[PDB]
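What follows is a single chain, given as structure tokens, in the form deposited without this ligand.
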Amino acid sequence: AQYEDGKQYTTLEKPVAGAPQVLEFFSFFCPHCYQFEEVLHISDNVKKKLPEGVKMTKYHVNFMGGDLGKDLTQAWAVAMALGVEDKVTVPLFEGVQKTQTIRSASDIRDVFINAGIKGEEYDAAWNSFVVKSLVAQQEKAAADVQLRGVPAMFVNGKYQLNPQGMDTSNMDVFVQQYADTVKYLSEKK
């Protein structure tokens, strides 16, 4: 098996010229969400070998049958705006992965304020242009690629992996094969 267009990565017919060599689509409501950036250390391990010829972007999805999820996308913007992710993500990742208390945009705000992001600070961050710029780019991120399966990854907006529960029984071959998928697709151009 050597990536047969569809096995370890398929191709979409709606590419995005300029797209990121590695667009990452993930929200705080997936089963791999918590296992993709915490236990499988696939986020750091892949970053340890990040070559300066591949832009790894990370975006939030807006399709988890959870209206607050859309606000959750505002979470990736309002957070990246105040670098409060590490702070609200912990109580946010464990909030949707062990409690289910995260089911209301108002809830996403409860954890946001838990990081000292008083509604005044966040309400201003969003009301601002830089945070709003990351918000319009977010909806535009999944709106341009469309996105239809979390977690989702798109290289240069042309090659998209297919991590839909591989279950290969080899977390070692998955971290190596994956690190390769991005290492070779980075050779596309």
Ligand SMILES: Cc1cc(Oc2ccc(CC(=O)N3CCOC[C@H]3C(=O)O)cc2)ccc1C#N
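One-based numbering along the sequence shown.
Not on display, but discussed next: the form deposited with this ligand bound.
**Q** Should the pocket be classed as open or blocked once this ligand, positioned as in the deposited bound form, is overlaid via C-alpha superposition of the site (3 or more ligand atoms within 2.4 Å of backbone or C-beta atoms defines blocked)?
**A** Here the answer is blocked - the superposed ligand has 3 or more atoms within 2.4 Å of backbone or C-beta atoms.
**Q** Answer with one of 134, 125, 155, 150: the residue that has a non-hydrogen atom within 4.5 Å of this ligand in the deposited bound form.
**A** Spelling it out, the residue with a heavy atom inside the cut-off is 150.
**Q** Does at least one non-hydrogen atom of residue 12 fall within 4.5 angstroms of this ligand in the deposited bound form?
**A** No, residue 12 stays farther than 4.5 Å from this ligand in the deposited bound form.
**Q** Does this ligand come within 4.5 Å of any heavy atom of residue 176 in the deposited bound form?
**A** No.
**Q** So, in the deposited bound form, is residue 164 in contact with this ligand at a 4.5 angstroms heavy atom limit?
**A** Heavy-atom contact with this ligand at 4.5 Å: present for residue 164.
**Q** Indicate whether residue 35 is a 4.5 Å heavy atom neighbour of this ligand in the deposited bound form.
**A** Contact with this ligand, yes.
**Q** Within 4.5 Å of this ligand in the deposited bound form - does that hold for a heavy atom of every one of 82, 114 and 117?
**A** Per the other structure, none of 82, 114 and 117 touch this ligand.
**Q** So which bits of 40 to 62 sit within 4.5 Å of this ligand in the deposited bound form, heavy atoms only?
**A** Sequence-ordered list has one entry, 40.
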